[PDB]
$ cat query02.csv   # CSV, C-alpha atoms and all ligand atoms
chain,number,residue,atom,x,y,z
A,1,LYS,CA,0.0,0.0,0.0
A,2,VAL,CA,0.9,3.7,0.1
A,3,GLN,CA,1.5,6.1,3.1
A,4,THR,CA,-1.5,7.4,5.1
A,5,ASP,CA,-2.0,11.1,5.9
A,6,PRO,CA,-0.8,11.0,9.4
A,7,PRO,CA,1.8,8.3,8.7
A,8,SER,CA,1.5,4.9,10.2
A,9,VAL,CA,2.6,2.5,7.5
A,10,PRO,CA,6.1,1.5,8.4
A,11,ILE,CA,8.7,2.0,5.7
A,12,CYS,CA,9.5,-1.7,5.3
A,13,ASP,CA,5.8,-2.4,4.5
A,14,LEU,CA,6.0,0.3,1.7
A,15,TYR,CA,8.9,-1.4,-0.1
A,16,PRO,CA,7.9,-5.1,0.1
A,17,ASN,CA,10.9,-5.8,-2.0
A,18,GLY,CA,13.2,-4.9,0.8
A,19,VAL,CA,15.0,-2.5,-1.5
A,20,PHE,CA,14.9,1.1,-0.1
A,21,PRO,CA,15.1,4.4,-1.9
A,22,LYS,CA,18.6,5.6,-2.4
A,23,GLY,CA,19.8,9.0,-1.3
A,24,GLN,CA,21.2,11.7,-3.6
A,25,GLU,CA,24.3,10.2,-5.2
A,26,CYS,CA,27.2,12.5,-5.8
A,27,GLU,CA,30.5,12.0,-7.6
A,28,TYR,CA,33.5,12.6,-5.4
A,29,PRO,CA,35.2,16.0,-5.8
A,30,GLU,CA,34.4,-2.2,-11.8
A,31,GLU,CA,36.3,-3.2,-8.7
A,32,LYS,CA,35.4,-0.3,-6.3
A,33,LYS,CA,32.0,-1.3,-7.7
A,34,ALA,CA,32.2,-4.9,-6.4
A,35,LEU,CA,33.4,-3.5,-3.0
A,36,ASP,CA,30.4,-1.3,-2.9
A,37,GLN,CA,28.0,-4.0,-4.0
A,38,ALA,CA,29.3,-6.3,-1.2
A,39,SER,CA,28.1,-3.9,1.6
A,40,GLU,CA,24.7,-3.4,-0.1
A,41,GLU,CA,22.6,-4.8,2.8
A,42,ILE,CA,24.3,-2.2,5.0
A,43,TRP,CA,23.7,0.8,2.6
A,44,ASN,CA,20.1,-0.5,2.3
A,45,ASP,CA,19.8,-0.5,6.1
A,46,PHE,CA,20.9,3.2,6.1
A,47,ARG,CA,18.3,4.0,3.4
A,48,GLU,CA,15.4,2.4,5.2
A,49,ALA,CA,16.3,4.5,8.3
A,50,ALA,CA,16.5,7.5,6.0
A,51,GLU,CA,13.1,7.1,4.4
A,52,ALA,CA,11.6,6.9,7.9
A,53,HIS,CA,13.4,10.2,8.8
A,54,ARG,CA,12.2,11.9,5.6
A,55,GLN,CA,8.6,11.0,6.3
A,56,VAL,CA,8.7,11.7,10.0
A,57,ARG,CA,10.1,15.2,9.5
A,58,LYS,CA,7.7,16.1,6.6
A,59,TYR,CA,4.9,15.2,9.1
A,60,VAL,CA,6.4,17.4,11.8
A,61,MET,CA,6.8,20.4,9.5
A,62,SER,CA,3.1,20.0,8.9
A,63,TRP,CA,2.0,20.6,12.4
A,64,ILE,CA,4.8,22.2,14.4
A,65,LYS,CA,3.4,25.5,15.7
A,66,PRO,CA,3.9,28.0,18.4
A,67,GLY,CA,1.5,27.2,21.2
A,68,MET,CA,2.5,23.6,21.5
A,69,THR,CA,4.7,22.5,24.5
A,70,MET,CA,8.1,21.2,23.7
A,71,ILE,CA,7.2,17.9,25.4
A,72,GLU,CA,4.1,17.6,23.1
A,73,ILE,CA,6.2,18.2,20.0
A,74,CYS,CA,8.8,15.6,20.9
A,75,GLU,CA,6.3,12.9,21.9
A,76,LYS,CA,4.3,13.5,18.7
A,77,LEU,CA,7.4,13.3,16.5
A,78,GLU,CA,8.8,10.2,18.4
A,79,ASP,CA,5.5,8.3,18.2
A,80,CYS,CA,5.4,8.6,14.5
A,81,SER,CA,9.1,7.8,14.3
A,82,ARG,CA,8.6,4.6,16.3
A,83,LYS,CA,5.8,3.6,13.9
A,84,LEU,CA,7.5,4.1,10.5
A,85,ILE,CA,10.8,2.7,11.6
A,86,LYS,CA,8.8,-0.2,13.0
A,87,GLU,CA,10.7,-0.2,16.3
A,88,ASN,CA,12.0,-3.6,17.4
A,89,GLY,CA,14.2,-3.4,20.4
A,90,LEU,CA,17.7,-2.8,19.1
A,91,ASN,CA,17.1,-4.1,15.6
A,92,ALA,CA,15.0,-1.1,14.6
A,93,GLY,CA,14.2,2.1,16.5
A,94,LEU,CA,15.1,5.7,17.5
A,95,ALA,CA,18.9,6.4,17.4
A,96,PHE,CA,18.6,9.2,19.9
A,97,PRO,CA,16.1,11.6,21.7
A,98,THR,CA,14.5,14.4,19.8
A,99,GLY,CA,16.6,17.5,20.2
A,100,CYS,CA,14.6,20.7,20.0
A,101,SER,CA,17.1,23.2,21.3
A,102,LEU,CA,15.8,26.8,21.5
A,103,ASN,CA,17.3,30.1,20.5
A,104,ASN,CA,20.8,30.5,22.0
A,105,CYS,CA,20.7,26.8,22.8
A,106,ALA,CA,22.2,25.1,19.8
A,107,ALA,CA,22.0,21.4,20.6
A,108,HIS,CA,21.2,18.6,23.0
A,109,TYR,CA,18.1,20.0,24.6
A,110,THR,CA,15.0,17.8,24.9
A,111,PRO,CA,12.4,18.2,27.7
A,112,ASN,CA,12.5,16.2,30.9
A,113,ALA,CA,9.3,15.5,32.9
A,114,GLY,CA,7.5,18.7,34.1
A,115,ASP,CA,9.0,21.0,31.5
A,116,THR,CA,6.3,23.6,30.7
A,117,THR,CA,8.2,25.4,28.0
A,118,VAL,CA,6.0,26.4,25.1
A,119,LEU,CA,7.3,27.0,21.5
A,120,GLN,CA,7.0,30.7,20.7
A,121,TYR,CA,6.5,32.6,17.5
A,122,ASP,CA,9.9,34.2,17.7
A,123,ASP,CA,11.8,31.0,18.6
A,124,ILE,CA,14.4,29.4,16.4
A,125,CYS,CA,14.0,25.7,17.1
A,126,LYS,CA,16.6,23.1,16.0
A,127,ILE,CA,14.9,19.7,15.5
A,128,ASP,CA,17.5,16.9,15.5
A,129,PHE,CA,16.4,13.3,15.7
A,130,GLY,CA,17.7,10.0,14.5
A,131,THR,CA,16.4,6.6,13.3
A,132,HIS,CA,18.4,3.4,12.9
A,133,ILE,CA,18.0,-0.1,11.4
A,134,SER,CA,20.4,-2.6,13.0
A,135,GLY,CA,22.5,0.2,14.4
A,136,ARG,CA,23.0,1.9,11.0
A,137,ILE,CA,22.2,5.4,12.4
A,138,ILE,CA,20.7,8.4,10.5
A,139,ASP,CA,21.6,11.7,12.2
A,140,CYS,CA,19.8,14.4,10.3
A,141,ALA,CA,18.4,17.8,11.5
A,142,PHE,CA,16.9,21.0,10.4
A,143,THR,CA,15.8,24.4,11.9
A,144,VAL,CA,12.3,25.6,12.5
A,145,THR,CA,11.2,29.2,12.5
A,146,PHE,CA,7.9,31.2,12.1
A,147,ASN,CA,9.3,34.7,12.0
A,148,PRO,CA,11.0,35.4,8.6
A,149,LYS,CA,13.6,37.6,10.3
A,150,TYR,CA,15.7,34.5,10.7
A,151,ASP,CA,15.4,33.6,7.0
A,152,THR,CA,18.9,34.8,6.1
A,153,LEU,CA,20.4,33.1,9.1
A,154,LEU,CA,18.8,29.8,8.1
A,155,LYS,CA,20.0,30.2,4.5
A,156,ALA,CA,23.5,30.8,5.7
A,157,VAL,CA,23.7,27.7,7.8
A,158,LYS,CA,21.9,25.5,5.2
A,159,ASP,CA,24.3,26.8,2.5
A,160,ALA,CA,27.3,26.1,4.8
A,161,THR,CA,26.1,22.6,5.5
A,162,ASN,CA,25.6,21.7,1.8
A,163,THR,CA,29.0,23.3,1.2
A,164,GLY,CA,30.5,20.9,3.7
A,165,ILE,CA,28.5,18.0,2.1
A,166,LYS,CA,29.9,18.9,-1.3
A,167,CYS,CA,33.5,19.2,-0.2
A,168,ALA,CA,33.4,15.9,1.6
A,169,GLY,CA,34.9,12.8,0.0
A,170,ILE,CA,37.5,10.1,0.2
A,171,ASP,CA,41.0,11.4,0.9
A,172,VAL,CA,39.6,14.9,1.6
A,173,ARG,CA,41.5,16.5,4.5
A,174,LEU,CA,39.0,17.2,7.4
A,175,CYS,CA,40.4,20.7,8.0
A,176,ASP,CA,39.6,21.7,4.4
A,177,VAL,CA,35.9,20.9,4.9
A,178,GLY,CA,36.0,23.0,8.1
A,179,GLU,CA,37.7,25.9,6.3
A,180,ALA,CA,35.3,25.6,3.4
A,181,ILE,CA,32.3,25.6,5.7
A,182,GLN,CA,33.4,28.7,7.5
A,183,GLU,CA,34.2,30.7,4.4
A,184,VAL,CA,30.7,30.2,3.1
A,185,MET,CA,29.1,30.7,6.5
A,186,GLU,CA,30.8,34.0,7.2
A,187,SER,CA,30.0,35.3,3.7
A,188,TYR,CA,26.5,35.9,5.0
A,189,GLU,CA,25.5,39.0,7.0
A,190,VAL,CA,22.1,39.2,8.6
A,191,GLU,CA,19.8,41.7,10.3
A,192,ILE,CA,17.5,40.7,13.1
A,193,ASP,CA,15.5,43.3,15.1
A,194,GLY,CA,17.5,46.3,13.9
A,195,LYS,CA,20.9,44.8,14.4
A,196,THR,CA,23.2,43.3,11.8
A,197,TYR,CA,25.6,40.3,12.3
A,198,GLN,CA,28.0,38.3,10.2
A,199,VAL,CA,27.0,34.7,10.8
A,200,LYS,CA,29.8,32.9,12.6
A,201,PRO,CA,30.2,29.1,12.9
A,202,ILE,CA,30.0,27.7,16.5
A,203,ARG,CA,33.7,26.8,16.6
A,204,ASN,CA,33.4,24.2,19.4
A,205,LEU,CA,30.6,22.3,17.6
A,206,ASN,CA,31.1,19.9,14.7
A,207,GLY,CA,30.1,17.0,12.5
A,208,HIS,CA,31.3,13.5,13.3
A,209,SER,CA,32.0,10.0,11.9
A,210,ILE,CA,29.3,7.4,12.6
A,211,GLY,CA,29.8,3.7,13.6
A,212,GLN,CA,27.3,0.9,14.2
A,213,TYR,CA,25.2,1.7,17.3
A,214,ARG,CA,27.7,4.6,17.8
A,215,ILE,CA,26.5,8.1,16.9
A,216,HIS,CA,30.0,9.7,17.4
A,217,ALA,CA,32.5,7.1,16.3
A,218,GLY,CA,35.7,9.1,16.7
A,219,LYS,CA,36.6,11.7,14.1
A,220,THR,CA,35.3,15.2,14.0
A,221,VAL,CA,34.4,17.5,11.1
A,222,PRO,CA,35.2,21.0,12.1
A,223,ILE,CA,33.1,24.0,10.9
A,224,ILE,CA,36.1,26.4,11.2
A,225,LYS,CA,39.6,26.6,9.9
A,226,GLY,CA,42.5,25.3,11.9
A,227,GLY,CA,41.3,21.7,12.0
A,228,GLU,CA,43.1,18.4,11.5
A,229,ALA,CA,44.5,17.2,8.2
A,230,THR,CA,43.2,13.7,8.9
A,231,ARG,CA,41.4,12.4,5.8
A,232,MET,CA,38.0,10.8,5.3
A,233,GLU,CA,38.4,7.2,4.2
A,234,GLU,CA,36.5,4.9,1.9
A,235,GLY,CA,33.5,3.3,3.5
A,236,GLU,CA,33.1,5.8,6.4
A,237,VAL,CA,29.8,7.3,7.4
A,238,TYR,CA,29.7,10.9,8.5
A,239,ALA,CA,27.3,13.3,10.1
A,240,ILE,CA,27.8,16.6,8.2
A,241,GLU,CA,26.4,19.3,10.5
A,242,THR,CA,27.1,23.0,10.8
A,243,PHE,CA,25.9,25.7,13.3
A,244,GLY,CA,25.5,29.4,12.6
A,245,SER,CA,25.3,31.9,15.4
A,246,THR,CA,24.7,35.6,16.1
A,247,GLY,CA,26.5,35.2,19.5
A,248,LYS,CA,30.1,34.4,20.4
A,249,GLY,CA,30.3,31.3,18.2
A,250,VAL,CA,31.0,29.0,21.1
A,251,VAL,CA,28.6,26.8,23.2
A,252,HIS,CA,28.9,26.0,26.9
A,253,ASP,CA,27.1,23.6,29.3
A,254,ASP,CA,23.8,25.2,30.3
A,255,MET,CA,20.4,24.2,31.8
A,256,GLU,CA,19.3,20.8,33.2
A,257,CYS,CA,20.6,17.7,31.5
A,258,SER,CA,18.3,15.5,29.5
A,259,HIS,CA,20.4,13.4,27.2
A,260,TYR,CA,22.5,10.4,28.4
A,261,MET,CA,24.6,7.8,26.7
A,262,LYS,CA,26.6,4.7,27.8
A,263,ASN,CA,30.3,5.1,27.2
A,264,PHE,CA,30.9,3.0,24.1
A,265,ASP,CA,34.3,1.7,25.2
A,266,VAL,CA,33.4,0.6,28.7
A,267,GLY,CA,32.9,-3.1,29.3
A,268,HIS,CA,30.8,-5.1,31.8
A,269,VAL,CA,30.9,-3.6,35.3
A,270,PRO,CA,29.6,-5.7,38.2
A,271,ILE,CA,27.1,-3.5,40.2
A,272,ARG,CA,25.8,-4.8,43.6
A,273,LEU,CA,23.8,-1.6,44.4
A,274,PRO,CA,20.2,-2.6,43.8
A,275,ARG,CA,18.8,0.5,42.0
A,276,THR,CA,22.0,1.3,40.1
A,277,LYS,CA,22.2,-2.3,38.9
A,278,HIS,CA,18.6,-2.2,37.7
A,279,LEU,CA,19.0,1.1,35.9
A,280,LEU,CA,22.1,-0.2,34.0
A,281,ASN,CA,20.3,-3.3,33.1
A,282,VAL,CA,17.5,-1.2,31.7
A,283,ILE,CA,19.9,0.9,29.7
A,284,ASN,CA,21.6,-2.2,28.3
A,285,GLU,CA,18.4,-3.9,27.2
A,286,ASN,CA,16.7,-0.8,25.8
A,287,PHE,CA,19.5,1.5,24.5
A,288,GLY,CA,22.7,-0.4,24.5
A,289,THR,CA,25.2,2.3,23.3
A,290,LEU,CA,22.5,4.4,21.8
A,291,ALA,CA,21.8,7.7,23.5
A,292,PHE,CA,18.5,8.2,25.5
A,293,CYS,CA,16.8,10.8,27.7
A,294,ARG,CA,15.0,10.9,31.0
A,295,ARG,CA,11.6,10.8,29.3
A,296,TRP,CA,12.5,7.5,27.7
A,297,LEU,CA,13.1,6.1,31.2
A,298,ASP,CA,9.9,7.4,32.6
A,299,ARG,CA,8.2,5.9,29.5
A,300,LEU,CA,9.5,2.5,30.6
A,301,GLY,CA,7.8,2.8,34.0
A,302,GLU,CA,11.1,3.7,35.7
A,303,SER,CA,10.9,6.1,38.6
A,304,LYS,CA,13.3,7.1,41.4
A,305,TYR,CA,16.2,6.7,39.1
A,306,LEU,CA,18.0,10.0,39.2
A,307,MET,CA,20.5,8.9,41.8
A,308,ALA,CA,21.2,5.6,40.1
A,309,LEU,CA,21.7,7.5,36.8
A,310,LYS,CA,24.1,9.8,38.6
A,311,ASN,CA,26.0,6.8,40.0
A,312,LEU,CA,26.4,5.4,36.6
A,313,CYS,CA,27.6,8.8,35.4
A,314,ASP,CA,30.2,9.0,38.2
A,315,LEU,CA,31.3,5.5,37.4
A,316,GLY,CA,32.1,6.5,33.9
A,317,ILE,CA,29.6,3.9,32.6
A,318,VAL,CA,27.3,6.5,31.4
A,319,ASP,CA,28.2,10.0,30.1
A,320,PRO,CA,25.8,12.9,30.3
A,321,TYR,CA,25.3,15.3,27.4
A,322,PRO,CA,23.9,18.6,28.7
A,323,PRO,CA,22.4,21.3,26.4
A,324,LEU,CA,25.0,23.4,24.5
A,325,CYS,CA,24.1,27.1,24.4
A,326,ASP,CA,25.7,30.3,23.1
A,327,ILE,CA,25.4,33.5,25.1
A,328,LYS,CA,22.0,34.7,26.2
A,329,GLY,CA,20.2,36.7,23.5
A,330,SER,CA,22.0,35.1,20.6
A,331,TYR,CA,20.4,33.0,17.9
A,332,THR,CA,21.6,29.7,16.6
A,333,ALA,CA,20.6,27.6,13.6
A,334,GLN,CA,21.6,24.0,12.4
A,335,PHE,CA,21.3,21.7,9.4
A,336,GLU,CA,22.6,18.1,9.4
A,337,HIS,CA,22.8,15.2,7.0
A,338,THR,CA,24.4,11.7,7.1
A,339,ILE,CA,26.6,10.8,4.2
A,340,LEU,CA,27.9,7.4,3.0
A,341,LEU,CA,31.5,7.3,1.7
A,342,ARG,CA,30.8,4.4,-0.7
A,343,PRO,CA,33.5,3.1,-3.1
A,344,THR,CA,31.5,4.2,-6.2
A,345,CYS,CA,30.4,7.6,-4.9
A,346,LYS,CA,29.3,9.9,-2.1
A,347,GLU,CA,25.7,9.5,-1.1
A,348,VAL,CA,23.7,12.1,0.9
A,349,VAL,CA,21.4,9.3,2.1
A,350,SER,CA,19.2,11.6,4.3
A,351,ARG,CA,18.6,14.1,1.5
A,352,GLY,CA,15.0,15.0,0.9
A,353,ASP,CA,13.1,17.3,-1.5
A,354,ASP,CA,12.9,19.6,1.6
A,355,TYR,CA,16.6,20.1,2.4
B,1,LIG,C1,27.4,18.4,20.5
B,1,LIG,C2,28.5,17.5,19.8
B,1,LIG,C3,28.5,17.9,18.3
B,1,LIG,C4,28.3,16.0,20.1
B,1,LIG,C5,29.1,15.5,21.2
B,1,LIG,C6,29.0,14.1,21.5
B,1,LIG,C7,28.2,13.2,20.8
B,1,LIG,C8,27.4,13.7,19.7
B,1,LIG,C9,27.5,15.1,19.4
B,1,LIG,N1,26.7,15.5,18.3
B,1,LIG,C10,25.4,15.4,18.1
B,1,LIG,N2,24.4,14.9,18.8
B,1,LIG,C11,23.3,15.1,18.0
B,1,LIG,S1,21.6,14.7,18.4
B,1,LIG,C12,21.4,13.9,20.1
B,1,LIG,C13,22.5,13.6,21.0
B,1,LIG,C14,22.7,14.1,22.3
B,1,LIG,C15,23.9,13.6,23.0
B,1,LIG,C16,24.5,12.7,22.2
B,1,LIG,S2,23.8,12.5,20.7
B,1,LIG,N3,23.5,15.7,16.9
B,1,LIG,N4,24.8,15.9,16.9
B,2,CO,CO,22.2,15.3,15.0
B,3,CO,CO,25.3,14.9,14.7

$ encode --input "query02.csv" --output "structure tokens" --more "lines below"
Ligand SMILES: CC(C)c1ccccc1Nc1nc(SCc2cccs2)n[nH]1
Ligand SMILES: [Co+2]
Ligand SMILES: [Co+2]
Amino acid sequence: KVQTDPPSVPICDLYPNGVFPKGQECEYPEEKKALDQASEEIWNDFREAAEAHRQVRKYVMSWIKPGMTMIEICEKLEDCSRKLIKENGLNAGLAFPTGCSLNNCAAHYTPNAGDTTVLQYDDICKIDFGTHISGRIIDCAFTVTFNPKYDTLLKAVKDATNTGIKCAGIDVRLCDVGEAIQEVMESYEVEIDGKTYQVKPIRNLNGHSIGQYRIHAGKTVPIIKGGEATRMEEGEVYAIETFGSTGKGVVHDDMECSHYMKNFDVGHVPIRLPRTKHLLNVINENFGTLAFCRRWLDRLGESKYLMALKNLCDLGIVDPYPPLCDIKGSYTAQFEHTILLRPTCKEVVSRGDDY
């Protein structure tokens, strides 16, 4: 069948063949054809996760409006996301919590229980959510606004992101992408509420390589010059994301924490403490090394877990990821896409007709 208005038909039931739509294929800036064909089931897994992301976001953009609480926006997005991705434990599901960072806050903000924050008409909200199939994660995000005064800011970041996406490729030095991204970003000048600004990349923020069940696999893609000359290799997966800002161009820890994630390199740790032991078991069964948030714990009937979560954090078993905000009064925007460095070409797998 086809997709229903409010989606509900999982993406695997819409492509009975098992073959999923391919992302935009780009030529980098026979044999390495067989090498690509060999990892097809993997590429395909990424694609299924991407089609889910495209349909979920198109839905969100249809109803996101000032007046709705942040909690309402995230639960509504996630419920659709679970459906289309056809959540199945760790085989299929949500790669990470729905980021909806507001204004000066650039990333990693998702509401915890009791948050009464309401989306406003002048807010610049960054929606960042991920879907995965067998750990093949799709990290893709866009910015939402209602007041056109941000229009040029959004175009700057979007243009910077696609610039980074175009400069990416096998053997491409990582610091050149960063340099490229910045040059485009700072070529934009905007005016918001009577004041003008030259958009500046958030220097301490950046794209990253992606591994199975591992959102941030190790390498970083700067969005400013002065980065590392390390090159992108064949077969790597990257999250190309840029952040524009009218503030200082640097984020810092701010607000209450909501995102958490088990340290990928830590092994089995014996825990005798009742509640801490239980919490860890819950994290291992439900999220493994995938990031989660407090709402996803309440959702599982867990309560009285804050201290256990803290214990796990102090044990280095779980790392917290607090919201990252620029200075009060500044505005930040973001655009992100996941790319596949295949042997035959560069594929912006999460590309849509929207962005
Ligand atoms: C902030 C910085 C670039 C960062 C540090 C460590 C892990 C992941 C990310 N990136 C990222 N996260 C996301 S969405 C949700 C997540 C929250 C915490 C980890 S993943 N998009 N990009
Ligand atoms: Co992201
Ligand atoms: Co990312």

$ closest_atom_pairs --input "query02.csv" --of "chain A" --to "ligand CO 3 (chain B)" --cutoff "12 Å" --atoms "only C-alpha atoms and all ligand atoms" --output "JSON lines"
{"residue": "A:95", "atom": "CA", "partner": "B:CO3", "partner_atom": "CO", "distance": 11.0}
{"residue": "A:96", "atom": "CA", "partner": "B:CO3", "partner_atom": "CO", "distance": 10.2}
{"residue": "A:98", "atom": "CA", "partner": "B:CO3", "partner_atom": "CO", "distance": 12.0}
{"residue": "A:99", "atom": "CA", "partner": "B:CO3", "partner_atom": "CO", "distance": 10.6}
{"residue": "A:106", "atom": "CA", "partner": "B:CO3", "partner_atom": "CO", "distance": 11.8}
{"residue": "A:107", "atom": "CA", "partner": "B:CO3", "partner_atom": "CO", "distance": 9.4}
{"residue": "A:108", "atom": "CA", "partner": "B:CO3", "partner_atom": "CO", "distance": 10.0}
{"residue": "A:127", "atom": "CA", "partner": "B:CO3", "partner_atom": "CO", "distance": 11.5}
{"residue": "A:128", "atom": "CA", "partner": "B:CO3", "partner_atom": "CO", "distance": 8.1}
{"residue": "A:129", "atom": "CA", "partner": "B:CO3", "partner_atom": "CO", "distance": 9.1}
{"residue": "A:130", "atom": "CA", "partner": "B:CO3", "partner_atom": "CO", "distance": 9.0}
{"residue": "A:137", "atom": "CA", "partner": "B:CO3", "partner_atom": "CO", "distance": 10.3}
{"residue": "A:138", "atom": "CA", "partner": "B:CO3", "partner_atom": "CO", "distance": 9.0}
{"residue": "A:139", "atom": "CA", "partner": "B:CO3", "partner_atom": "CO", "distance": 5.5}
{"residue": "A:140", "atom": "CA", "partner": "B:CO3", "partner_atom": "CO", "distance": 7.1}
{"residue": "A:141", "atom": "CA", "partner": "B:CO3", "partner_atom": "CO", "distance": 8.1}
{"residue": "A:142", "atom": "CA", "partner": "B:CO3", "partner_atom": "CO", "distance": 11.2}
{"residue": "A:205", "atom": "CA", "partner": "B:CO3", "partner_atom": "CO", "distance": 9.6}
{"residue": "A:206", "atom": "CA", "partner": "B:CO3", "partner_atom": "CO", "distance": 7.7}
{"residue": "A:207", "atom": "CA", "partner": "B:CO3", "partner_atom": "CO", "distance": 5.7}
{"residue": "A:208", "atom": "CA", "partner": "B:CO3", "partner_atom": "CO", "distance": 6.3}
{"residue": "A:209", "atom": "CA", "partner": "B:CO3", "partner_atom": "CO", "distance": 8.8}
{"residue": "A:210", "atom": "CA", "partner": "B:CO3", "partner_atom": "CO", "distance": 8.8}
{"residue": "A:214", "atom": "CA", "partner": "B:CO3", "partner_atom": "CO", "distance": 11.0}
{"residue": "A:215", "atom": "CA", "partner": "B:CO3", "partner_atom": "CO", "distance": 7.2}
{"residue": "A:216", "atom": "CA", "partner": "B:CO3", "partner_atom": "CO", "distance": 7.5}
{"residue": "A:217", "atom": "CA", "partner": "B:CO3", "partner_atom": "CO", "distance": 10.7}
{"residue": "A:219", "atom": "CA", "partner": "B:CO3", "partner_atom": "CO", "distance": 11.8}
{"residue": "A:220", "atom": "CA", "partner": "B:CO3", "partner_atom": "CO", "distance": 10.0}
{"residue": "A:221", "atom": "CA", "partner": "B:CO3", "partner_atom": "CO", "distance": 10.1}
{"residue": "A:222", "atom": "CA", "partner": "B:CO3", "partner_atom": "CO", "distance": 11.9}
{"residue": "A:237", "atom": "CA", "partner": "B:CO3", "partner_atom": "CO", "distance": 11.5}
{"residue": "A:238", "atom": "CA", "partner": "B:CO3", "partner_atom": "CO", "distance": 8.6}
{"residue": "A:239", "atom": "CA", "partner": "B:CO3", "partner_atom": "CO", "distance": 5.3}
{"residue": "A:240", "atom": "CA", "partner": "B:CO3", "partner_atom": "CO", "distance": 7.2}
{"residue": "A:241", "atom": "CA", "partner": "B:CO3", "partner_atom": "CO", "distance": 6.2}
{"residue": "A:242", "atom": "CA", "partner": "B:CO3", "partner_atom": "CO", "distance": 9.2}
{"residue": "A:243", "atom": "CA", "partner": "B:CO3", "partner_atom": "CO", "distance": 10.9}
{"residue": "A:291", "atom": "CA", "partner": "B:CO3", "partner_atom": "CO", "distance": 11.9}
{"residue": "A:334", "atom": "CA", "partner": "B:CO3", "partner_atom": "CO", "distance": 10.1}
{"residue": "A:335", "atom": "CA", "partner": "B:CO3", "partner_atom": "CO", "distance": 9.5}
{"residue": "A:336", "atom": "CA", "partner": "B:CO3", "partner_atom": "CO", "distance": 6.8}
{"residue": "A:337", "atom": "CA", "partner": "B:CO3", "partner_atom": "CO", "distance": 8.1}
{"residue": "A:338", "atom": "CA", "partner": "B:CO3", "partner_atom": "CO", "distance": 8.3}
{"residue": "A:339", "atom": "CA", "partner": "B:CO3", "partner_atom": "CO", "distance": 11.3}

$ closest_residue --input "query02.csv" --among "A:181, A:165, A:297, A:49" --to "residue A:25" --atoms "only C-alpha atoms"
A:165

$ atom_distance --input "query02.csv" --atom1 "atom CA of residue A:91" --atom2 "atom CA of residue A:44"
14.1 Å

$ residues_near_point --input "query02.csv" --point "(13.3, 2.2, 30.4)" --cutoff "10 Å" --atoms "only C-alpha atoms" --output "VMD selection string"
chain A and resid 279 to 287 292 to 303

$ residues_around --input "query02.csv" --residues "residue A:354" --least-positions-apart "4" --cutoff "12 Å" --atoms "all atoms listed in the file" --output "ChimeraX atom specification"
/A:53-55,57-59,61,141-143,158,335,350

$ closest_residue --input "query02.csv" --among "A:47, A:6, A:193, A:101" --to "residue A:62" --atoms "all atoms listed in the file"
A:6

$ atom_distance --input "query02.csv" --atom1 "atom CA of residue A:154" --atom2 "atom CA of residue A:333"
6.2 Å

$ closest_residue --input "query02.csv" --among "A:175, A:306, A:327, A:257" --to "ligand LIG 1 (chain B)" --atoms "only C-alpha atoms and all ligand atoms"
A:257

$ atom_distance --input "query02.csv" --atom1 "atom CA of residue A:100" --atom2 "atom CA of residue A:329"
17.3 Å

$ closest_residue --input "query02.csv" --among "A:343, A:37, A:313, A:97" --to "ligand CO 2 (chain B)" --atoms "all atoms listed in the file"
A:97

$ closest_residue --input "query02.csv" --among "A:60, A:229, A:71, A:38" --to "residue A:113" --atoms "all atoms listed in the file"
A:71

$ residues_around --input "query02.csv" --residues "residue A:244" --least-positions-apart "3" --cutoff "12 Å" --atoms "all atoms listed in the file" --output "PyMOL selection string"
chain A and resi 103-107+124+126+143+150+152-161+181-182+184-190+197-206+223-224+241+247-251+326+330-335

$ closest_residue --input "query02.csv" --among "A:225, A:346, A:259, A:277" --to "ligand LIG 1 (chain B)" --atoms "only C-alpha atoms and all ligand atoms"
A:259

$ residues_around --input "query02.csv" --residues "residue A:13" --least-positions-apart "2" --cutoff "10 Å" --atoms "only C-alpha atoms" --output "compact mmCIF listing (two decimals) with C-alpha atoms, in the frame of the given file"
# COMPACT_ATOMS: atom_id res chain seq x y z
CA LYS A 1 0.00 0.00 0.00
CA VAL A 2 0.90 3.70 0.10
CA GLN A 3 1.50 6.10 3.10
CA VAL A 9 2.60 2.50 7.50
CA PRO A 10 6.10 1.50 8.40
CA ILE A 11 8.70 2.00 5.70
CA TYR A 15 8.90 -1.40 -0.10
CA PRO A 16 7.90 -5.10 0.10
CA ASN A 17 10.90 -5.80 -2.00
CA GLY A 18 13.20 -4.90 0.80
CA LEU A 84 7.50 4.10 10.50
CA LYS A 86 8.80 -0.20 13.00

$ residues_around --input "query02.csv" --residues "residue A:146" --least-positions-apart "5" --cutoff "9 Å" --atoms "all atoms listed in the file" --output "PyMOL selection string"
chain A and resi 65-66+120-124

$ residues_around --input "query02.csv" --residues "residue A:168" --least-positions-apart "4" --cutoff "8 Å" --atoms "only C-alpha atoms" --output "number ranges by chain"
A: 28-29, 164, 172, 177, 232

$ write_last_selection --input "query02.csv" --atoms "C-alpha atoms" --output "PDB file, keeping the file's coordinate frame"
ATOM      1  CA  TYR A  28      33.500  12.600  -5.400  1.00  0.00           C
ATOM      2  CA  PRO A  29      35.200  16.000  -5.800  1.00  0.00           C
ATOM      3  CA  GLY A 164      30.500  20.900   3.700  1.00  0.00           C
ATOM      4  CA  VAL A 172      39.600  14.900   1.600  1.00  0.00           C
ATOM      5  CA  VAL A 177      35.900  20.900   4.900  1.00  0.00           C
ATOM      6  CA  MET A 232      38.000  10.800   5.300  1.00  0.00           C
TER       7      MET A 232
END
